[PDB]
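First comes one chain, alone, set out as structure tokens in the form deposited in one PDB entry.
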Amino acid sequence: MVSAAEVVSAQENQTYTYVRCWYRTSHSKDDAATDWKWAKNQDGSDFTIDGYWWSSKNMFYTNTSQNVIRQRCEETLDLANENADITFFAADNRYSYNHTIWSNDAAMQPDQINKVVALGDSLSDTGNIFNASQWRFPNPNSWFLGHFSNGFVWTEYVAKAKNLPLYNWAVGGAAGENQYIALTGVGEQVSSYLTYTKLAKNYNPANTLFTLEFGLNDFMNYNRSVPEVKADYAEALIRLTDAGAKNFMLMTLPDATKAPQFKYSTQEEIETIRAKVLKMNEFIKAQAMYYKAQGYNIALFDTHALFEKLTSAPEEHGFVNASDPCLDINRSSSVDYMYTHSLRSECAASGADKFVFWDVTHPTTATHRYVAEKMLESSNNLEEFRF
């Protein structure tokens, strides 16, 4: 994907950069607003990281571990907030965009999972559209720093439970994301992953836990046929396994037609999408069995079955409401992502942790956490994966 000569030249172009530490300003997850500070050392001097830049979206590659960078942000911010939900990025100055930091692995690494790589849509996106929108979409007062929720997504909860770095290629389409970036498809995501990892040092793909949730963007936003979505899903698994991937967290798709935005869709539109989701889920199960029979490490979670339980009896799963958004949005219009919204009366009363949905499409961070924990329980804190 990148010649060996190009890799050497890039890796030898050594420099330094600074770290932007982001945090939730409120102690409540009802408030999505965030702010940032530069990372500092204990003596008050600026914290810097050594490494090299590369772009095919600039990634900064450093020898400094994600834990060390995280620790510097925690100490700099010195918040007594359990909901601080700290994230960090590389940045040369005040004008810089939020650049992902890749921590290079050691040459003598043990045979165990040491990072999470995510592929998918808005259900896994951690801010891929936010630099492209000049930090204006989704509005950072009502959506958590480029996440289409009031906090972390399921992949971040999974990565945190295992104390692992998470590197994200996921980006959706239900919020008008394609008015900001092109190349959002799963094949474009796998291509981008393959290109950027050639620049990494001592990269062993066998030590990566891959997460993949794909198909809802295609069925909801692009009216794509079931065979073309099945073919793209099979193609992603073929390309990843041929490039050394051994470990996957696969999942069935929740019935997206249960989301508040479908209150404003016709019955014909709803039945079309629902039928496509059901056919796709049978194919996802067949694909998981196919790779499991070949000796790959596959964890399959039935998110569809869990979501049916959650929406039919929310009171049995820690929720008061599964039909309305927490935010006071009572229509389906992508322009609403540009504005600040108040919480509806019922959600302000119960708290955002008691609602399944945050906006007309996306789940709350409590729903993301519930799914992530059910996943770890199902797989016995991921038993067929070596940690």
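Think of the rigid core as the biggest set of C-alphas that the two forms share within 1.5 Å after superposition. In this text, residue numbers run from 1 along the sequence as written.
Keep in mind the form deposited in another entry is missing from the figure; the text below concerns it.
Quick check for you: superpose on the rigid core, then look between the shown form and the other one for a C-alpha move of 2 Å or more. Which of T311, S192, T257, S133 is it? One residue passes the 2 Å cut-off, namely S133.
Verify the C-alpha shift of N204 between the shown form and the other one: is it 2 Å or more after superposing the core? Stays below the 2 Å threshold, so no.
For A106, state whether the C-alpha moves by 2 Å or more between the shown form and the other one after rigid core superposition. It does not reach a 2 Å shift.
State yes or no: after fitting on the rigid core, is the Cα displacement of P165 between the shown form and the other one at least 2 Å? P165: C-alpha displaced by less than 2 Å between the shown form and the other one.
Cα distance between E177 and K37, which in the other form differs by 3 Å or more from this form, closer or farther: Pair moves farther apart in the other form.
Having a change of 3 Å or more in the C-alpha distance between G176 and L145, I'd like to know whether it is closer or farther in the other form than in the form here. It is farther: in the other form, the C-alpha atoms of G176 and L145 lie at least 3 Å more apart than they do here.
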